[PDB]
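A short worksheet on the structure shown next.
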Ligand SMILES: [Zn+2]
Ligand SMILES: [Zn+2]
Ligand SMILES: [Zn+2]
């Protein structure tokens, strides 16, 4: 009989002012990091936050309530330690990885890659991939930005919630 | 007069 | 629309004849004792608001007067000419003591800043210029209109200066930085008049197309007063909520600010020897109480209007009609 | 899937690259080649920013007037709050702010009519070992006899107008044959 | 006219001493490129240097992105001609009378919106990382003070310098008049046309050796060498696997320690 | 003729006014003249 | 909780609020010259005041001797800047 | 205005439609992009270089 | 809207009027006033509240003023300067109640006795630590060291005088013995300031090695007296005598810093939690308001900053 | 125009960009500038010119007609739809909706053309003729159940008292054309 609905949902759906994105969470690699994302999603922590950073042909980053890149906190209080596991690497576009200021300092901030960047492997905790909506990701990856990589009009995460499937509608 | 604290540079 | 507020009819009771050319200014002294008027006879005449008596004529301008303002903070009167001169008149000597030089063609509006010692004047040449009324120094030139400007109104809070132009735009200006940041393009025709409602954060502007209402500071749009399809060039707005628009064809409409209902049309009849063309209006001001209106007329007369009282509110009513 | 290896953009479907397959993955044109015109973009109210043309070339000024919410008649007999004239503190703070800038300007303007700097140079080659410099500024003494140094009646055309504001009229009243 | 608190200058002009005395002007020179009047700075960069002064105004320094004295690029220290060639920014800057004054007036307004941190559109936006990385290799990595420091003693060139120990100016061979590097104007250097030192740099950059693949189209094999000796210094298979798979799918890998 | 009293309208584009950015690619378009 | 970089700070944050570093990667596009803090076109320019006499001393030591005591704020271990063999000797 | 409207109504009456080609696009592309409301992001540039530009030039 | 924590008119104030480099500043213990001075020699008094107007200014100094402290009852201000003199100013009269003159070289640092007879400890570039008494021309005690002394304090009972100097180590003299009872060892460079804890158990001492060291000066300690070391501040080539001060709750410690930043440390953890910009030069002095969470800082930038904080 | 011919088209842009700074409400210039870019085959520039023109003058009909025609001649027809969709957001008065309807009829989209009518009647439906033309559109395609609904809803829309009887006669004559004649008498 299937498992009951519980916080280890395999997917998380983002509803945004650019379209809808689904993320596949790699529970067998970074379970503390995934449940941080899924809990903060469940707690509406990312609802109303913005993608404060966009670097063309590199990375899309968001998930700071202040939009500064300095804010945000994990469910464990502030920082928690990395879950580096080199069976996962930033092999291409649409890898979902947790942003950190330094080793073992993961917070709430996350980023989506746009290129193979394997020399960055082991410095950031990969914890999923874009499940669907990569066309939206490519559209965001070409929006032109100021010299601090902040969008001149925001992309706002208007809702985030966990889901049992990658479906988007 | 009232005022504020200008942020300097850092290394 | 919603619920016109009832306002008493306006009635006429003066014709002051004595300009030898069109009248095109009025302003009422802060004291409410006297008002000044300026005319195409190049003379400024000072009239006594209650008696209507004349008691000055000031002959300094060179070809035509058409701007007058009495400062609400200094004993000075400012005036602007089609002769390209802005003059300062000192109401302790009745002589002239300042000239503000830089306008390249006819001045046609001026305003005196309600709390700074700063004066702003519109002209042909499609600019307004800001003056320091102490030093005569010019310390902004609001180029940005593309055709002749003639209205400016000032207020202490941003936007400190509002200007209206024959390019059919209103502009809102940052008087500190000297830049513009609005263009209220919605008029189809020359915006010849402005007024800021004396107790709301709101202002109206008039063109042959429509009279439009606007919410400050943003400059966002509020519903239009329409059907006065003449060449308009006056607005006066009242502490009680009346606005009045006078037109070059001599017709004169009174309106309720809150609803845009029109509840008077007065057609002026011009004084002897002038009838058909000359009927036109171009000035208006309210006295400081807001209970008398003064209009200046192409028939070379000043006329003054007053509110009826005798049995009005029951005979007149307004219903609901949203 | 770890027995499979992707080889083209078809192989990913609508998802992104797979981090568990240690091969170079390009789900679209992204990252294949190398890195000047605004993108078409959605607004926070769910529409799409075709109007964004009108915001190029300005200081982020108030003139967003390019939708139609802002030309249709907003409410009559308004709910008075923002529509109230601002308080006494506002006219005082505004008036004091306006003069204090122009005052400092006017003093230099009629003139037209120790102190140090600490410099932190992004060019990291630097002075020896120093991430910053500290430096003394002195003013060249103006010779009170020397006449104006340079010809300044040079004249050039008026700077281009700020980019057009949308024209925002009501629809044309047609009045064709008789009028 | 244009003014600012501090000049746009690289490190080689200021360089050796962290501490500096500098003289400032209110506007008091006309910019050597655009003849607008501009606020000048004068400094001696340490022992033995001459007094150097700002020669460009800031709008001209911003529009090329160059040091106001030596007019080399602020990022790479290369002549403008070299940088504009690699960036592919053509000779776009208007040069005549009204055009450049009108252009500079519009640049100054646009930069005034921007914030003051940046050169204009073309170099500030420029994307081509492969072009940037070419420039970084040619640029050189150490400041050249000899070019900063002093003038030559022309009475000594004639051979008659009665000042001789006291002299300021140098007592050494001038550059020979055949040596086209001597000829360089200012405008040729700033606009970046016929700049002799740029052409020397570009010729060596084109001369510098690099790979071009074999004519046998079907070959997909790369020899690799200089891996160091066998033992603990030798790279592992993972160190090749976890890097070269960033570029593409290896079909076969072989090591010869 | 050697002159300084006018801008030479053929040497370079006079008072050059650039076409604004827009959503489309304009470098894409290409042309030739014959 | 954080407070963004602003021309002036009105409201006295502690330290976790101002200083805590910006999270996430840093560009490969723009390396060691371009990443640094700046304000004018090359640099962070800010006014300073010093003990003139001591600032005068530090010029004269670098010029005559080849070394100086490091001007920078937060100099860390790099107390002296110059021909360090002479500074130690 | 009305003479401009006369050219468009004349020019569209003259314009023979694409319909057999248009149906093919309607199959693969047709639902997702090709129907768009005002507020949806058409992606891909549509630049049918040789035939259409010569046709538009002659037009 | 925003949180507020004091009766200041704005959460920070910029005080302008000085032209000299401000080398010292302290609050009156009643909290009504602060006094600040330095190379200008003029001592400027400021109100803490409202417009904070410079209601009084005292001249009379003719060598720059090193350090300046209020007497505990706030009746008098004691200040000392490079005119080799210690001057005591009556707060009501604004006049020099005493001008002690027995120093032979610059007096840099001063501390009045907390209770009992009013005594003034002072330390100087002649190497002597001297305790003056208001009642006599001659000092009570002169303790002579081989090396210049540039910091001084009493203990709370006003019977041990702690003086630090060029030696880095500390000559602490007990006024009944006239001997060094113990020395405090940890400073690698000269001691720029010493401040006694409100309770008197501890002192902090600031030194040119860019550390503040906390010392237990209680009569019995079973081991080394070094309680902790604080770092993050810096001393530049100016070699100023950057001061230090305690919070009246003792939970916070401050020190002057050449990096322009106002540092605050938590006493137990030695971490920083306040790093407050706004100065443009060396922050020579820092003090807490005795009743309210207002920070005073005086800098070489000719400016005095008042600001309020969330003392937790 | 003169600079364009020479292949100096790069300069010709500069001329028109300067010309637009003088007038900008320039509808002659805007047409000439776009038409220049079209004949040159510049079409992304021509698109950019129209995107500016319709943004700056949203209620000049000429740009929306010309722009939709350009995209249609390129077979961009998704983009040509989006232009008409964008245009309708401005509530352009009658001729704009009729041209969008007629556009969809040339494709034979007729159910999409029906969607345009239903939105057209919401904004404009105060005018009877839009209802009669809608019902005639349903009748001629053969949807006649829609045509009955359209007239009956038109009568319900105008009401019971202010009977718009030109609707009522039109409704009667439609039913007469059906041979519903009992209804037509009724
Ligand atoms: Zn220049
Ligand atoms: Zn240089
Ligand atoms: Zn010589």
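Residue numbers (the UniProt record's numbering), protein chains in the order written: chain A, 1 to 169; chain B, 108 to 118; chain C, 165 to 486; chain D, 50 to 84, 90 to 167, 179 to 244; chain E, 16 to 272; chain F, 204 to 237; chain G, 54 to 142; chain H, 118 to 176; chain I, 20 to 331; chain J, 94 to 279. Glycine included, every Cβ here is placed at the ideal spot set by N, Cα and C.
The alpha helix (DSSP H) spanning residue i covers which residue range?
{"i": "residue 59/D", "result": "That residue, residue 59/D, is in no alpha helix (DSSP H); it is neither H nor E in DSSP."}
{"i": "residue 131/J", "result": "120 to 133"}
{"i": "residue 153/D", "result": "142 to 166"}
{"i": "residue 119/D", "result": "Residue 119/D -> no alpha helix (DSSP H), and no H or E assigned at all."}
What's the C-alpha gap between residue i and residue j?
{"i": "residue 242/C", "j": "residue 274/C", "result": "8 Å"}
{"i": "residue 326/C", "j": "residue 320/C", "result": "12 Å"}
{"i": "residue 53/E", "j": "residue 210/F", "result": "24 Å"}
Residue i by DSSP, collapsed to three states: which one?
{"i": "residue 139/H", "result": "helix"}
{"i": "residue 151/H", "result": "helix"}
{"i": "residue 328/I", "result": "coil"}
{"i": "residue 35/A", "result": "helix"}
{"i": "residue 100/J", "result": "helix"}
{"i": "residue 188/E", "result": "coil"}
{"i": "residue 107/J", "result": "helix"}
{"i": "residue 64/E", "result": "coil"}
{"i": "residue 159/J", "result": "helix"}
{"i": "residue 263/I", "result": "strand"}
{"i": "residue 149/J", "result": "helix"}
{"i": "residue 103/D", "result": "coil"}
{"i": "residue 427/C", "result": "strand"}
{"i": "residue 237/J", "result": "coil"}
{"i": "residue 277/J", "result": "helix"}
I need the boundaries of the beta strand (DSSP E) containing residue i, first residue and last residue.
{"i": "residue 306/I", "result": "302 to 307"}
{"i": "residue 335/C", "result": "334 to 337"}
{"i": "residue 386/C", "result": "384 to 389"}
{"i": "residue 285/I", "result": "281 to 285"}
{"i": "residue 118/I", "result": "114 to 119"}
{"i": "residue 106/A", "result": "106 to 114"}
For residue i, which residues does DSSP report across the bridge?
{"i": "residue 151/I", "result": "139/I"}
{"i": "residue 218/C", "result": "211/C"}
{"i": "residue 160/A", "result": "14/A"}
{"i": "residue 234/I", "result": "222/I, 245/I"}
{"i": "residue 180/C", "result": "466/C"}
{"i": "residue 25/A", "result": "128/A"}
Exercise. Please go through the region 21 to 47 of chain E and give each complete beta strand (DSSP E) segment of 3 or more residues, from N-terminal end onward.
Key: 34 to 39
Exercise. Could you tell me which uninterrupted alpha helix (DSSP H) segments, each at least 4 residues in length, are contained entirely in the region 432 to 466 of chain C, listed from first to last along the chain?
Key: 439 to 442
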